[PDB]
């Protein structure tokens, strides 16, 4: 006997979207029709459509949306085993490193590959020194919020990493022991084992992605290495905390054609032990070898002895590959008389002068990397880096529908992505609008009208907040209801939480006005654990409307 707006909204959010067939596919096909493109004839066409890198930007932008939009949809019935496909590639890459490890440890003959290794070795040494410093490890070691061999996702919070004894490899034991000696708290090891756990996460409709879950103490120290590398790379003008650098350089390359964007075909699994030993100072290599996991256990129980140095889940992998790709790209520049500060890297994503590319491909073949010609761009109007895609200066970044659209929140996310893609300054491209209004009708009535401004997430439809009948101005602040994941409280590990806090606080154009003000805010937040139930809730947040022109 009390249907408040808040209860009404919650009821609406907890219904299911009822529709015949693949809703995602229907939305995408109506979108293509509205832009005068042919629709996808079948699910098979969705994942195998190639765009043409010519035409006006308008033509290309929708054509590219077409090639991408259902590229990652995870609910097709094509009988593709995306896990088995991944494990196949995983074995192939490992076999690849095997060859590389042997060729590189193998004995006047002259070579671009060897020369770049020689030059990169010397430059890396100047950059990172002989051995990782104690000060750096002290500043950068920490636990992450991810799984470890002992902690599944729900026990992933750092407080549980201090609370539960973590595993470690034989070579990492002395690191744990040095940590243990330095504190009165006791740090416990659950088991000593050389195995990490290999598994698959989603990537696209054709194949999963292989990753590793590390022993937690190893991870703790890997992150130390990762942090140090990230600091040092700044001296090469590479900031691994800022993806926008690469994004802009991609845009620039799409206009000037003087910069190339190079995609490395998951060569984050092709970094061989041999290459690292040749490029890194012996002190560093020893440490990388101490902290990696030498072996893996696959989901089916079979084991692997790793030919590569490490894989995506390791806490220094992202930084190590950045260092390795950068140093090679910069030596290729030196070799060619190009300015090596023209090189930027962000993990897998490399940007350097278009003229260097052919030489880079040769060096990369030689060190056991496999360059994907289709995603490497050194001419033509198109470039792409770090999530942004450009065609002659025009932003043509697509959006993706990843999952079966089931709940109103799913549909709102899709509609909001359409909005962001199809509007300019809040004004709709009429072609996309018609599709948006059509599919908006599938939402429960109240959620059709409940709008928020852009930049406030996807718990409601992006639109104008001033016409939202559910928005309420209280004490001159406007509050708007948004859909959230419904959760239940869990108890935090009390001592684990204390160590996390104590460890974190002990491990340590701006106007002067808002700078001193920012200093006011305490940045630490108490540990609070929740489990999400699968249901939806409603929460009121403070909102500012879009500004006037």
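Positions refer to the first chain, counted from 1.
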*Indicate whether the chain is continuous between residue 508 and residue 509 or, if not, how many deposited residues are absent from the coordinates: none, 1 to 3, 4 to 9, or 10 or more.*
10 or more
*Counting only residues from the deposited sequence, how many are left out of the model between residue 107 and residue 108 (none, 1 to 3, 4 to 9, 10 or more)?*
4 to 9
_Can you tell me whether 383-391 has a higher mean C-alpha B factor than 92-100 in this record, or the other way round?_
92-100
*So 231-239 or 188-196, which one's hotter by mean CA B-factor in the entry?*
188-196
*When the CA B-factors of 292, 330, 438, 445 are compared as recorded in the entry, which is the largest?*
445
*Using the entry's values, work out which of 484, 519, 504, 497 has the largest Cα B factor.*
519
*asked:* Test of reading the entry: by CA B factor among the chain's modelled residues, which third contains residue 214?
replied: middle
_Where does the C-alpha B-factor of residue 260 rank in its chain, lowest, middle or highest third?_
lowest
*Classify residue 432 as lowest, middle or highest third according to the C-alpha B-factor given in the PDB entry, relative to its own chain.*
middle
*asked:* Where does the C-alpha B-factor of residue 71 rank in its chain, lowest, middle or highest third?
replied: middle
*Within this chain's modelled residues, let me know which third the CA B factor of residue 316 belongs to: lowest, middle or highest.*
lowest
